[PDB]
Amino acid sequence: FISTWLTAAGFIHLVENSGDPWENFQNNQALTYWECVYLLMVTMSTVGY
Amino acid sequence: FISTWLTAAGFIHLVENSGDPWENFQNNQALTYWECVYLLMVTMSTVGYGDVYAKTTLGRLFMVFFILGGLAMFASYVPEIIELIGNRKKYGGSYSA
Amino acid sequence: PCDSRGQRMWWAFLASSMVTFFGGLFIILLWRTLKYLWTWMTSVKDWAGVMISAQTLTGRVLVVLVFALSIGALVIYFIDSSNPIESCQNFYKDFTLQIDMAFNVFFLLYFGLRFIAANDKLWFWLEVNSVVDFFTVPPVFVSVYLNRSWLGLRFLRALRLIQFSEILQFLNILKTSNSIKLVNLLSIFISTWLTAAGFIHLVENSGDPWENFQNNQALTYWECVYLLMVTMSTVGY
Amino acid sequence: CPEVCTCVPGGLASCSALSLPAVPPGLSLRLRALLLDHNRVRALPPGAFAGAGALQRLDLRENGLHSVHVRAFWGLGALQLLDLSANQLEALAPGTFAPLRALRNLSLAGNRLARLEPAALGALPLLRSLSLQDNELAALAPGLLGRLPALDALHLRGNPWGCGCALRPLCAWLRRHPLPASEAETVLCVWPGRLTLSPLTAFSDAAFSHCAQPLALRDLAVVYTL
Amino acid sequence: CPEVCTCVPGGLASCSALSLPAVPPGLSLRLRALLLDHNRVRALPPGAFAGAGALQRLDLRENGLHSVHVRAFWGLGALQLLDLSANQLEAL
C-alpha cells in the first residue's frame with residue numbers, strides 16, 4: 001500500500017510539475033510532492049474534494 | 001461514532017482557525033465549529049463536495065490520516081447501527097375481543 | 001393585473017397543520033387517560049374496513065382513484081414548485097387550484113374513512129400516510145381561503161407513493177414475493193428521493209429564519225433532484 | 001484654513017472646483033461650510049472632521065466616494081446642511097448618520113444605492129425634506145419612510161417605480177400630501193409585464209390590491225381552526 | 001427648456017457640453033433636439049425622456065452607456081434621428 005501510494009504520488013508530481021510534451025512544456029501545474037501525496041490519498045478513497 | 005466525529009471536528013476547527021506554526025499563524029482560515037462538523041460528515045461518507053475543506057498543511061495531514069480509517073469506521077458502523085435500530089417484531093399486538 | 005408578491009406570511013399554514021395534528025393527538029391521549037380507571041359501531045367499522053380494501057367493486061374503484069389522485073397531486077406539486085415559493089393567486093382564475101381542491105377533498109374523505117376503519121386510533125394518528133394528510137390538506141384550505149399561496153410542506157405528497165405496493169396488493173395484482181419486493185423498493189426509493197429533493201428546494205429557495213431570509217439560493221426543483229441524486233451516490237461534484 | 005484653497009474673508013470656508021485628490025488639511029473650528037466640487041476623495045476615514053468643531057454646509061459634488069466608515073462623521077456633532085447626490089456610494093454603512101441628529105436638510109439624487117438601510121439612516125427627526133431622484137434603488141422599505149416623523153417633501157422625479165407591494169407605502173405617503181409640485185414632475189410606475197403601463201400620478205392613492213391587510217384577527221381565528 | 005441650459009427662442013436646441021451625468025429636469029413637449037454631452041452615468045435611467053412628449057433627434061457626445069432600459073425610450077417615439085457615438089454599449 002505504501003509503495004503504491006508513494007510511487008503514484010511521485011509520478012503525478014513528475015508529470016504535473018513538468019508539462020505536456022506536445023504543448024512545449026507550457027501546460028504545467030506547480031504541485032508540491034506533499035500536495036501530490038494528498039491528491040492521491042483523496043482520489044484513492046473516492047472522496048474527490 | 002459520535003465521540004470520534006466530534007473530536008475530529010474539534011481538531012480540524014483548532015487547526016484551521018489558527019494557521020501553521022512555521023507560517024507565523026498567517027495561513028488561518030476562519031471556520032465555525034458547525035462548518036467543521038459538516039466537513040467531517042461529508043468526508044466520512046466519501047462525498048467530498050469541496051465547498052469547504054482544510055487548507056493548512058497540518059489540516060491536510062490530519063485529513064489524510066483520518067481518511068485512513070475513519071472512512072472504514074463509518075462504512076462498518078452506519079449500516080450496522082441502522083440494522084440494530086430496525087430490529088422490531090411487527091405483529092406484537094393483542095387481539096381485541 | 002399580474003402583480004408581484006410583497007409581505008411574507010407562512011405561520012398560518014404551518015400553524016393550522018400543527019393544530020390539526022397535535023390537538024387530535026392530545027384529544028386521543030385525554031380520552032385514553034379518562035378511560036384509564038374512569039379518571040352498530042362494529043358494523044360501520046367493518047363496512048369501512050371492507051371499503052378500504054378492494055373487497056367490493058366500489059372498494060376497487062376507491063383504491064384506483066386513490067392511486068390516480070395521489071399521482072395527480074404529485075404532478076400538481078411539481079407544477080406549483082415551478083412557481084415562486086410565496087405568491088398570491090385568486091381562486092376563480094387559475095384552474096390548478098380547483099383541481100387541487102377536488103384532490104384534497106377526496107384525500108380528506110379517504111382519511112376519514114380510514115380513521116373509521118382503523119383498529120387503534122392512537123397508532124393510526126402516528127402513521128406516515130395520516131401525517132402527510134395532516135400537513136397537506138389544511139394548508140390547501142387555508143390557501144384557498146386567504147387567496148394567497150405558499151409552497152409549504154407540499155413535497156410530503158411524494159410520501160403518498162409508499163402505499164403503492166399495498167394498493168396493488170389489494171387489487172390482487174402483486175402475488176409473488178419478487179414482484180412485491182421490487183415494487184416496495186422502487187416506491188420507497190422514489191418517494192424518499194422526491195421528498196428529500198422537495199425539502200431541500202423549500203429550505204434553499206427561502207433563507208434561514210434567523211437570517212431574515214437573506215441566504216436564499218435560487219435552486220429549481222430539478223436541480224435539487226440532481227443534487228440529491230449526486231449526494232446519495234457519494235459522487236459529490 | 002486649507003493651504004491649497006485661499007482663506008475666505010470672514011468665516012473660513014473651502015473653495016469650489018478645487019482640483020485635489022487629497023482631502024483639505026488644516027481643518028479647525030474657524031473653518032465652516034466646507035465646499036468640495038469635482039474632487040477625488042476615495043474614502044472618508046473615521047473622525048475625518050474632528051478638527052472642525054462645528055459645520056453648517058457640506059457639499060460633496062462630483063466626488064467619487066466608494067466607502068464611508070461607520071464613524072466617519074463622529075466630528076460633525078450639529079451639522080445642518082448636507083447633500084448626498086451624484087455620488088458613487090454602493091450602500092450606506094450602519095449608524096453613519098447617527099451623529100447627524102441636527103441635520104436639517106438631506107437629498108439623495110442620483111445615488112446608485114441598491115438599498116439603503118433604515119438603521120443606517122437613523123431617526124433624523126429634524127429633516128425638512130429628502131429626494132430620491134435618479135437613484136438606482138427600486139424598492140423602498142416601509143420602515144425607511146416610517147422612521148422619519150417630520151419629513152415633508154420627497155422628490156421622485158426621474159426615478160420610475162415598480163408597481164407592487166413595495167409601492168403601497170410610498171403612494172400612501174403620497175396620500176398624506178402631494179409630492180409632484182407640477183404636472184411636469186409626474187413619473188410613471190413600471191410593471192413586470194410590458195403589456196400594461198400606468199402613471200403614478202394616475203395611480204390611485206391607497207388603492208385596493210392584493211395583501212391589503214398585512215395582518216388581522218378575524219381570519220387568524222379561522223386559520224387556527226380550519 | 002432645460003433649467004440650466006439657455007432657452008433658445010423659436011426652435012429649441014439644448015446647450016452643448018452640458019457636463020451633466022443626469023438628464024436635465026423639466027423636459028417638455030415644446031423642447032426638442034436634446035443634446036446630452038459627457039454623461040458620466042454608466043446606464044440610462046428609465047423614463048428619463050418621459051418629460052418631453054415628442055422630439056426630432058437625439059445626440060450623445062462623449063457619452064458612455066453600458067446598459068439601457070426599455071422604459072427609458074418610452075417617452076420618445078416621434079424621433080427620426082438617434083446617435084449613440086463612442087458609447088460603451090455591449091448588449092441591447
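Residues numbered from 1 in each chain as written, not as in the entry; some residues may be left out. Chains lettered and ligands numbered in written order. Part of a larger assembly, values for the part shown. Heavy atoms only, no water.

For this deposition, the record names cryo-EM as the technique by which the model was determined and cites 3.6 Å as its resolution.

Per the PDB entry, chain C is named Calcium-activated potassium channel subunit alpha-1, and its organism is Homo sapiens.

Per the PDB entry, chain A goes by Calcium-activated potassium channel subunit alpha-1 and derives from Homo sapiens.

Let's shift gears to the side chain of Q133 of chain D. The topology assignment puts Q133 of chain D in strand β7 (residues 129-133). Excluding anything up to four places from it in sequence, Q133 of chain D contacts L108, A109, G110, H155 and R157 of chain D. (Helix = DSSP H or I, 4+ residues; strand = E, 2+ residues; numbered from the N terminus. Contact = heavy atoms within 4.5 Å.)

Take unusual backbone geometry next. A positive phi angle, close to 60°, is found at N147 of chain C, a residue other than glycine. Mapped onto the fold, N147 of chain C is located in the loop between α7 (137-146) and β2 (148-150). In the Ramachandran plot, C211 of chain D falls in the positive-phi region, its phi being about 55° despite a non-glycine side chain. Among the secondary structure elements, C211 of chain D is positioned in the loop between β11 (198-199) and α4 (218-223).

A few words now on the sheet that holds strand β3 (residues 57-61) of chain D. Strands in a sheet are paired, the pairing made by backbone hydrogen bonds, and the direction either parallel or antiparallel. Residues and elements named next belong to chain D. Strand order in the open sheet formed by three strands is β1-β3-β5, with parallel pairing between adjacent strands. One side of each edge strand has no neighbouring strand; the edge strands of this open sheet are β1 (35-37) and β5 (81-83). Across the sheet, the mean angle from the axis of one strand to that of its neighbour is 10°, orientation sign disregarded. The sheet contact formed by β1 and β3 spans three bridges and is parallel. What sits directly across from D37, in β3, is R61. (Pairing = 2+ DSSP bridges. Axes fitted to C-alpha atoms, helices over the stretch in contact; angles between N-to-C directions.)

Listed as interface residues are 17 residues of chain B and, on the opposing side, eleven residues of chain A. Regarding the contact of chain B and chain A, the summed buried area is about 1,200 Å², with carbon and sulfur atoms giving 72% of it. Our count for the chain B to chain A interface comes out at zero salt bridges. Remark: the boundary between chain B and chain A carries one residue pair in polar contact. For the side of chain B that touches chain A, the secondary-structure elements that each account for two or more residues are α2 (33-44) and α3 (58-85) of chain B. Considering each element in turn, the side of chain B that touches chain A owes the most residues, seven residues, to α3 of chain B. (Buried area = accessible area lost by both parts, 1.4 Å probe. Salt bridge = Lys/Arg side-chain N within 4 Å of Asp/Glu carboxyl O. Polar contact = N/O pair within 3.5 Å; in protein donor to acceptor, adjacent residues only side chain to side chain.)

The next point concerns the state of the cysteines. Within the structure shown, the criterion is met by four disulfides over all chains. At a sulfur-sulfur separation of 2.0 Å, the disulfide partner of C5 of chain D is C15 of chain D. On the sign convention where negative means left-handed, the S-S torsion of about 75° between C5 of chain D and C15 of chain D marks this disulfide as right-handed. You can see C5 of chain D sitting in the segment before β1 and its partner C15 of chain D sitting in the segment before β1, a full ten residues away along the chain. Residue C15 of chain D is classed as buried on the basis of its relative accessible area of 17%. In this model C5 of chain E forms its disulfide with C15 of chain E; the gap between the sulfur atoms is 2.0 Å. Taking the torsion about the sulfur-sulfur bond, which here is approximately 90°, the covalent link between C5 of chain E and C15 of chain E counts as right-handed. A residue pair is termed long-range when its members are at least 10 positions apart, and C5 of chain E in the segment before β1 (34-37) and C15 of chain E in the segment before β1 qualify at ten residues. Neither residue differs from the other here; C5 of chain E and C15 of chain E are each classed as buried. (Disulfide = S-S within 2.5 Å. Buried < 20%, exposed > 50% of the residue type's maximum accessible area, 1.4 Å probe, protein only.)

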